Structures are given as C-alpha cells and as structure tokens.
Amino acid sequence: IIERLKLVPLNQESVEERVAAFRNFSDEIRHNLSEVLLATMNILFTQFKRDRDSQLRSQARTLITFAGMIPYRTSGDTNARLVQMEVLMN
Amino acid sequence: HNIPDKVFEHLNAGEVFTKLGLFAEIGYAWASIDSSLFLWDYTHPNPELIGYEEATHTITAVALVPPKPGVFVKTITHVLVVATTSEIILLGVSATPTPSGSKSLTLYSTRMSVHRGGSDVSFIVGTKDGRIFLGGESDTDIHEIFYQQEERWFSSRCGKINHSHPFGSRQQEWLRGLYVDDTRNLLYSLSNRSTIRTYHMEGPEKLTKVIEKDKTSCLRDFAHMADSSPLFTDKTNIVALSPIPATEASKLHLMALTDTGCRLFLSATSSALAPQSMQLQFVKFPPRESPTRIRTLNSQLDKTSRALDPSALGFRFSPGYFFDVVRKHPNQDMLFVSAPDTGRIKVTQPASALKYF
Amino acid sequence: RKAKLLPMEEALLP
Amino acid sequence: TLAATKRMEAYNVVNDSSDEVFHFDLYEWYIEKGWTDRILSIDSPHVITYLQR
C-alpha cells in the first residue's frame, strides 16, 4: 500500500521529487510523517530478519535521506531510530 | 532471484528424489525432497519457507489449480495438488495480496485424498472450472480427480477415475506432458513416441479421445509439403506442445516443438463441436545465427539449420513469444527467444505477402 | 517451520 | 553461548586498550574487510580522532 501512495521514496532517484511534494501536502499529512517512516522502516526491518538483502538495504538508506531533508514532527527521535534500524540490517 | 539457502540444505539432505517447480502466476516456487514439500516467494529477498511434510511417501508431482466453484470459502484462490507414490492430496490455498510485493500464502487441509493406484503421476493440469487431470510415465492413460462438498453414503468427497480404459494387448508408451485449452474444451497429451492425443471435455465430467496422431502421420503430412528436411525424420522426437487458443486462431490448434528446433503448427477440423482430424500445415524452421561473444557481420528457405539442435525444453505464449532451451553442451543451456515482428506484420501489404516474420 | 493448516470448516462453505 | 562469551571477551581487550596506534591500524584494517557497521558501533574516542583526521 505505502508503495502505491508514492509518499515515501524507496529508490534514491525519487528523493528529489518526493521531497518537493512534501512541501505542499496538507499538514494533516505532514503531522503523521513521523509514524509513517517508522512503520515503513519497521516493516523493512522485520522483512530483513526473515539480492534481496541489498534491495532492503538500499531502501533503508532512501528513507533516511528523505527524513534527513524533511523538517517534520519529532524529527529528532525519529531520524535517530531510523538510523539505528538500518545499522542492525548490515 | 537466488534460491534461498535453507532449501539448498534440504536438497542435499535428500536421499532418493528431489524436484523443483514454478508457480509463476502468484510468484512462488517450490522444491520437493522425498516426502516433504517447500514453497517460497521468489520476489521476496529473505523468504520464509512454507512447508508441508505430512506426506508419507515420495512426492512425484505438484501443481497449482483453480478451485471447483461452490466447494470452498471464497478466500481460497487455488487448490494445491500433491501427488505421491501412494496418494493424491488436495490442499486449500489462499494467495491474497498482503500487502507490498507477492501474495501472502496460507495452506488449508481438506480431508481429500485418493489412492494413487498403479499409474505414476508426473503431470497435473487444471481447467478454468477446477477440473483436475493426471498423467505420468507408466502409461498413456489420463485420470481425473472429482471432489465434492457433501459427505454422501453412496459416494465419497473425493474420487479418481480413468478416462481412457485400455483392454488387453498393450504396448510400452507413456506421457511427456499434459496441456489444456479451455477456449475449446480440449486436453492434449504428448507421449514418449511423439504421439499427440486430443481429448474433448464434451460434458462437465466427461472426457473423450477424439484424435490420435502419431509421428508417422506428422511425417506423411510433412512429406506432402513442398519442402522436406533432414531436421524432421522418424528419428526426431517431439519434446513439447503448446496449445493455441481459439481467440488467437480458428484453424491452428497446436504447436509442437521437435528436438531439432522445428516448430510444427497443426490445424484441426471437425467433419461438421469436437475436432476429428489433425493435420500438420505449417513449419517454422530454426534460425541460423548461433550465439557469439564478438559481433559478426550479419531469401531462400533455410531448412537445415542446427542452431537449435538439441532443443530440450520449449514454451510458447500468446501472441507468439517462443522460448527454446538449447542444450548444446551438457553443462550450460542457451536460451533462444523470439517474438513475432509485429511491426513488419501489420505494415505488410497485400495479404498474400504475409510471412511469419 | 511447518505451515499452519487452517481448518476445513473455514475452507469450504456453507 | 560460550562461543558468544569468547567473542565478547576478545572484543573487550580490543576496544578498551589504551594503545591508539593499535586502534588506528585496527580501524584501517576493518575498512579493508568491509566491516563498516563495526566501526560505527565502537564507542572509543580514538575512532573519532581517526575518522576526523
């Protein structure tokens, strides 16, 4: 589902356009960006413990760089947790 | 997508028999090791193994088939048929799309099993309406599995019948593959002697042999063609069939692949409906260019090419996508793939200038 | 992990 | 596991040492092996000087 919405980038090429879109999306959406990134990360996180490894690793990175360039709710705690979950993958 | 390591372990743990297979329509692959079965989603990078180890005897064939309507709850998308040396077992399957890549997959027991009988099962095919047909390497007979919702006192939930019935006086011959064409309610079998048999599903539970065409007939047809060739003789084997649906062509029913790389297109006609006659009409001969590392510098009918000799496996998909597994060496396969030159075909004028580009 | 086989009751109606 | 114990016993000698010339040569060798996530986890302050320099 999250992949269809094209709200969070998963390949590095889409980061530029997805980042620009966030600027004009309703604040009722930007509010919940924090929980979306974490759920999506925790999703990739779970699928990793179950090539594919490279693909998840690449997508993991994408989420981080997006979150890094986006100023949003609880960006502090969220950006940190996102980075930790990516380290455990490797 | 690399085969996950956890089945490579199970494969080497094999004692007598192992087999691999594909469920491409839902994006799953499978491996059987003796009396055990393992499914996995190959699109996934770190796939979980869905195992089924209840089987008591060696598994010889598995297939994924549509369910019979009005038998199971709607959340069951498919039926998993598992043939062992002892039983044919049916399992319920739900391949619902949770939520991102491939279809999440769950198995359901059904309490439906039939004795395998004396005839090996290596080929399982299914129809649109959930009919299940069986065949193998013991003989040419085609079996069908019936299964029902109700428990009845006089019948059973799950049965198996033989649609062929031979008398005494037999000859050694067995099957190489089974092929369904739902658009014409036809079933095709291919034997080791390269005999093509056509069966008609005239009724919902009836199956009737209506054509039997041996290699000799194909060769006689081929002789009466303007161009005979050393690539098709009585030594040649037909290694695969591929039915052509009625929506693609009226006359041409079937394509047959020889081990020399020739594609034979057979027509079939009624005398009036099931067909009663089958005839070899058109041949597409192999290409000449062999695969090279270095590029090479590039009108008569080429009927002698050996670039596809030997063809071990062959598949045709509408509207003419052809895959040929050429086993030139005992170690590596080369893949020959072709498609109709759609551009030139629709530009060509007039109708009489049309060739299979 | 042996696949969990859900019951026939859910599978076939009614 | 005792296998995991001998692992922690080994990497405590390494991470706690006061020889930082050893740490530098160790961090240089971790990269050559592609053990990226290993360098990150180290909490020593000799890694910060190496990466900064």
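State the extension gain, in nm to one decimal, for the chain segment bounded by D:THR5 and D:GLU20, taking 0.36 nm per residue of separation less the distance between their alpha-carbons.
Working: separation 15, 0.36 × 15 = 5.40 nm, distance 2.47 nm.
Using 0.36 nm per residue and subtracting the Cα-Cα distance, I get 2.9 nm.
Using the Cα centre as the reference, give the magnitude of the dipole from point charges on the C-beta atoms of chain B (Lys, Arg: +1; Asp, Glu: -1; all else neutral), rounded to the nearest 20 debye.
1120 debye
For an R0 of 41 angstrom, estimate the FRET efficiency from the Cβ-Cβ distance between B:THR85 and A:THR46 and round to the nearest 0.05.
The pair B:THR85/A:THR46 has a calculated efficiency of 0.55.
Scattering from the C-alpha atoms of chain D alone, worked out with Debye: what is log10 I(q)/I(0) at q = 0.15, 0.25, 0.27, 0.29 1/Å?
One equal scatterer on each Cα of chain D leads to -0.43, -1.05, -1.16, -1.25.
Given a Förster distance of 22 Å, report the FRET efficiency between B:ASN237 and B:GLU202 from their Cβ-Cβ distance, rounded to the nearest 0.05.
Calculated value: 0.10.
Using a 7 Å offset from the Cα along the Cα-to-Cβ direction at both B:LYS303 and B:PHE282, what is the distance between the two label points in nm, to one decimal?
Here the modelled spin labels are 1.7 nm apart.
Scan chain D for chymotrypsin sites (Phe, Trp or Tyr not before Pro) in coil per DSSP, keeping those whose Cβ has at most 16 other Cβ atoms within 10 Å, and list them by number.
Values: sites: D:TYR11, D:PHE22, D:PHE24, D:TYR27, D:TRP29, D:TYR30, D:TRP35, D:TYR50; in loops: D:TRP35.
Within chain D, the qualifying chymotrypsin sites (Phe, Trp or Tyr not before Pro) (loop, at most 16 other Cβ atoms within 10 Å) are D:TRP35.
Give me the distance between the Cα centres of the stretch B:251-301 and the stretch A:1-73, rounded to whole Å.
For the stretch B:251-301 versus the stretch A:1-73, the Cα centre distance is 51 Å.
With a/c under 1.5 counting as rounded, go ahead and sort the stretch B:122-168 into rounded, prolate or oblate using the C-alpha gyration tensor (a ≥ b ≥ c being the square roots of the eigenvalues; past the cut-off, prolate if a/b is larger than b/c, else oblate).
Cα axes put the stretch B:122-168 in the oblate bin.
Taking θ as phi - 60°, what are the ³J(HN,Hα) couplings along the stretch A:83-90 by the Karplus curve (6.51, -1.76, 1.60), each to the nearest whole Hz, with x for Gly and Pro?
Result, rounded to whole Hz: 5, 4, 5, 6, 6, 5, 4, 5.
Report the one residue of A:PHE25, A:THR74, A:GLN55 whose Cα lies farthest in the direction of the positive end of the charge dipole of the stretch A:14-75 (charges on C-beta: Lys and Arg +1, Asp and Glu -1; origin at the Cα centre).
Farthest towards the positive pole: A:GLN55.
Take B:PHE167, B:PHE38, B:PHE133, B:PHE317 and order them by how many other Cβ atoms sit within 10 Å, fewest up front.
So the residues, fewest neighbours to most, are B:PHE167, B:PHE317, B:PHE38, B:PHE133.
In square nanometres and to one decimal, what's the mean projected area of the convex hull around the Cα atoms of the stretch B:1-149?
Computed as one quarter of the Cα hull surface, the answer is 9.0 nm².
For the pair B:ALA24 and A:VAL87, what calculated FRET efficiency results from E = 1/(1 + (r/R0)^6), where r is the Cβ-Cβ distance and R0 = 56 Å, to the nearest 0.05?
Working: r = 36 Å, r/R0 = 0.65.
The formula returns an efficiency of 0.95 here.
Enumerate by residue number the GluC sites (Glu not before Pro) in the stretch B:91-191 meeting two conditions: DSSP loop (anything except H, G, I, E, B), and at most 12 other Cβ atoms within 10 Å of the site's Cβ.
Loop-located and lightly packed - B:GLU150, B:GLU151, B:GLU173.
Using a cut-off of under 19 Å, list every residue of the stretch B:164-184 whose amide N is near the label point 7 Å from the Cα of B:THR216 along the Cα-to-beta-carbon line.
Counting only backbone N, you get B:169-174.
Projected area of the protein assembly as shown, taken from the Cα convex hull and averaged over every viewing direction, in nm²?
It is 37.5 nm².
Put +1 on the Cβ of each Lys and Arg and -1 on the Cβ of each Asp and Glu in chain B; which of B:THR110, B:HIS1, B:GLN148 then has its Cα farthest toward the positive end of the dipole?
B:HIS1
From a point 7 Å beyond the Cα of A:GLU13 in the direction of its Cβ, which residues of the stretch A:30-70 have a backbone N at a distance under 15 Å?
A:59
Using just the Cα positions, wrap chain B in a convex hull and report its mean projected area in square nanometres, one decimal place. Don't skip to the end; give the middle numbers.
On the way: hull surface 91.6 nm².
The orientation-averaged projected area of the Cα hull of chain B comes to 22.9 nm².
Distance between the C-alpha centers of chain D and the stretch B:128-162? Whole Å please.
66 Å
Once the mean 1/r over all distinct Cα pairs of the stretch A:11-90 is inverted, what Kirkwood radius in angstroms do you read off?
It is 13.0 Å.
So how long is each side of the stretch B:79-187 along the principal axes, counting just the alpha-carbon atoms, biggest first, in Å?
Between the extreme Cα coordinates on each principal axis of the stretch B:79-187 lie 56, 36, 29 Å.
Once the principal axes of the Cα atoms of the stretch B:1-86 are found, what is the range along each, listed largest first in whole angstroms?
Result, largest extent first: 42, 35, 17 Å.
Just to be sure I follow the rule: in the stretch B:225-357, considering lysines 8 or more places apart or on different chains, how many pairs have Cα atoms under 18 Å apart?
Eligible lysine pairs with Cα atoms under 18 Å apart amount to 7.
Only sites in a loop by DSSP and with at most 10 other Cβ atoms within 10 Å count here; which trypsin sites (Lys or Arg not before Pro) in the stretch B:224-271 make the cut? Kindly include the intermediate steps, with their values, before the conclusion.
Details: sites: B:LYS235, B:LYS251, B:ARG263; in loops: B:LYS235, B:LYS251.
Here the sparse-neighbourhood loop sites are B:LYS235.
Farthest toward the dipole's positive end in the protein assembly as shown, which of C:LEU6, B:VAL79, B:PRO286, given Cβ charges of +1 (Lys, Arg) and -1 (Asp, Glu) about the Cα centre?
Highest projection toward the positive end goes to B:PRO286.
Please state the charge dipole magnitude for chain D, taken about the Cα centre, from unit charges on C-beta atoms (+1 on K and R, -1 on D and E), reported in debye and rounded to the nearest 20.
The calculation lands at about 200 debye.
What size of dipole, in debye to the nearest 20, comes out for the protein assembly as shown about its Cα centre when the only charges are +1 on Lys and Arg C-beta atoms and -1 on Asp and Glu C-beta atoms?
Dipole magnitude for the protein assembly as shown comes out near 1560 debye.
Methodologically, a virtual Cβ is constructed for each residue, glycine included, from the backbone with ideal geometry; neighbour enumeration extends over all protein chains shown. FYI, it's all coordinate maths here, none of it is from the lab.
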